[PDB]
Amino acid sequence: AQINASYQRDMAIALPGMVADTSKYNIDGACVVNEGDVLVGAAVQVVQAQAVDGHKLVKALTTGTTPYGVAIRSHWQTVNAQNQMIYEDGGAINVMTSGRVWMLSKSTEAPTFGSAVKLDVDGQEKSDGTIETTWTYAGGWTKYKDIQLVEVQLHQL
Amino acid sequence: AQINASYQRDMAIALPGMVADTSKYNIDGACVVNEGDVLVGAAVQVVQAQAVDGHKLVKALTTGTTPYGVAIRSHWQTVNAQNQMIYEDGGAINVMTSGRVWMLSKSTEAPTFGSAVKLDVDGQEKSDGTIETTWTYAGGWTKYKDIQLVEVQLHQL
Amino acid sequence: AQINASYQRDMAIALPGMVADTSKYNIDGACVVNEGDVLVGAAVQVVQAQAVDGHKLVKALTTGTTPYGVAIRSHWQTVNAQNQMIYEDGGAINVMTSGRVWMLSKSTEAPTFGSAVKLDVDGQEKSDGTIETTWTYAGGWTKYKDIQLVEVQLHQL
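Method information in the entry identifies cryo-EM as the source of the structure, with 3.50 Å recorded as the resolution.

The PDB entry lists chain A under the name cement protein II, with Escherichia phage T1 given as the organism.

On to the relation of the copies chain C and chain B, then. Here chain C sits on chain B after a turn of 120° about the axis and a move of 0.1 Å along it, with an RMSD of 0.3 Å. Such a combination of turn and shift is consistent with a three-fold rotation axis. Judged by C-alpha distance, C:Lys24 is the residue of chain C that lies nearest the rotation axis, at 5.2 Å. The fraction of interface residues of chain C whose copies in chain B are also interface residues is only 8%, indicating that the copies meet through different surfaces.

The next thing to look at is the interface of chain A and chain C. Each partner contributes residues to the interface: chain A has 12 residues there, and chain C has 14 residues. Approximately 990 Å² of surface area, both sides summed, lies buried where chain A meets chain C, with 58% of it carried by carbon and sulfur atoms. A per-residue breakdown of the area chain A buries against chain C is headed by A:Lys24, A:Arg100 and A:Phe113, which together make up 51% of the total. A salt bridge links C:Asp28 to A:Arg100; its shortest N-O distance comes to 3.2 Å. Applying the counting rule to chain A against chain C returns one residue pair in polar contact. For the side of chain A that touches chain C, the leading source of residues is strand β11 (residues 131-144) of chain A, giving five residues.

Moving on, we get to the interface of chain C and chain B. How big an interface is tends to be stated in terms of the accessible area lost upon association of its parts. With 12 residues of chain C in contact, the opposing surface of chain B contributes 14 residues. For the pairing of chain C and chain B, the buried interface totals around 990 Å² over both sides, and the portion due to carbon and sulfur atoms is 56%. Of all residues in chain C, C:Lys24, C:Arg100 and C:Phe113 give up the largest surface area on contact with chain B, accounting jointly for 51% of the area buried on that side. Our count for the chain C to chain B interface comes out at one salt bridge. Remark: the boundary between chain C and chain B carries three residue pairs in polar contact. In terms of residue class, the side of chain C that touches chain B is made up of four nonpolar, six polar and two charged.

Calculation rules
Residues numbered from 1 in each chain as written, not as in the entry; some residues may be left out. Chains lettered and ligands numbered in written order. Part of a larger assembly, values for the part shown. Heavy atoms only, no water. Least-squares fit on C-alpha atoms. Contact = heavy atoms within 4.5 Å. Buried area = accessible area lost by both parts, 1.4 Å probe. Salt bridge = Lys/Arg side-chain N within 4 Å of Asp/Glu carboxyl O. Polar contact = N/O pair within 3.5 Å; in protein donor to acceptor, adjacent residues only side chain to side chain. Helix = DSSP H or I, 4+ residues; strand = E, 2+ residues; numbered from the N terminus. Nonpolar A, V, L, I, M, F, W, Y, C, P; charged D, E, K, R; others polar.

The following block contains the structure:
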């Protein structure tokens, strides 16, 4: 005769640029894309903070700049482009200034627990990045299909 | 006959010693003004913390002392004097130890976004002040009538 | 006849390993005792953080290790041993990463307010302990029967 068979599959753990736990976090609205496009799991620099109006003009991280926060994942604000989710010019952003988020990584080795995070020129985590941050790792280290992700603990500037 | 007219006026943004945003903030009660009077928009110092009872004895900032927090604005707990709001000797006082608040300042130029806040010998922000804090600027820079205000970001000691 | 009399007595302020105030605190679950037993009012160390599962392996402080948090009193997750409340091996811990807690101290002198906290080898507060922490004192200094307690303010790593 025949022997019946059963299969089992486990879902992934996380997707790029999404929150990790329900710990204390502080997301910031009232942020505008001054120029260009911002990926969901990437660092963000502040070009200028308005005095009277109060909006903060943000931009993608570049060389010789201090990171401020990381964009997060939302199904309403984000625009569908480049086979992913991005924030377009002249639109609001949800930037996380504190908490734990799943970032994008160009690294190939698992990190430690309480070491400082280093970012490269385009705002993605790298083992030997030139840009130094005050954030620390959190322990999470997984990947989604062909995309590598890492968990990072952010602190307020 | 006649041409009708319509006018337009705008309200101010903030008042001295007023909470700026709804971000993560911590307000510490159970504090007593040991001596003197404390203005609403000024920093304070902790003279002594009681071991058993637990009331912290606060005082207006002086020379060579570490600031602790900024008094906040309340219509019930504050007495009116010198055409301003103050906290009198004795009685509870609300001091903010974390969050965004508007502070009195004697500076005349706009401050940068991320930079350490320096205060003078009486607790008002000054660009070339002597006392150095761990707080950082937030971006707000306005003026109510003839009073100059500035927004700062506080951190727990 | 007789003269009637009335008496009065007072309670104790705190018990070891219990939360002091309702300020901004963050209690992290998802922790398991890797080896040994952990007291309620003692610090812990992070042996290893799992990359995929997410649980953090915790232990007792030793020589040369950096503290992470302080165990938290509870009436359900803690067993009673040595006529005291204690966490056992292979069980969930309620480690407090930020906030105010009543620790165990072997010092004999009252501390200051803003000075840094030094711990000893076994993870209890000591006036001249070798291990250096980023935490700061709060002010509480009491004694329950024959056990000395001290209040401390914690910060996220």
